[PDB]
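According to the UniProt record's numbering, the sequence shown holds residues 496 to 545 in order. Note that beta-carbon positions come from the ideal geometry of N, C-alpha and C, so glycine has one too.
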Amino acid sequence: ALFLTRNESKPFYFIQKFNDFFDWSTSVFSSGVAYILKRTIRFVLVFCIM
């Protein structure tokens, strides 16, 4: 609270790149989580053998 300053105006470019890749990963992660969800049973079987 003391020194955060409430201001985050600059990406710094390199940070923006890594984060964008990460945001893209989040989108892919969402659909992997969603397909795993729709095929609940098949993924369960993998876990039992695991």
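Pop quiz: residue i and residue j are said to be a contact at Cβ under 8 Å. What is the actual Cβ separation, rounded to whole angstroms?
i	j	result
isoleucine 531	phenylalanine 538	5 Å
Give me the Cα-Cα distance between residue i and residue j, rounded to the nearest whole angstrom.
i	j	result
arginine 534	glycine 527	11 Å
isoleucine 544	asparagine 502	50 Å
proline 506	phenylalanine 542	41 Å
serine 504	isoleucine 536	46 Å
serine 520	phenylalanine 513	10 Å
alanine 496	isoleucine 510	23 Å
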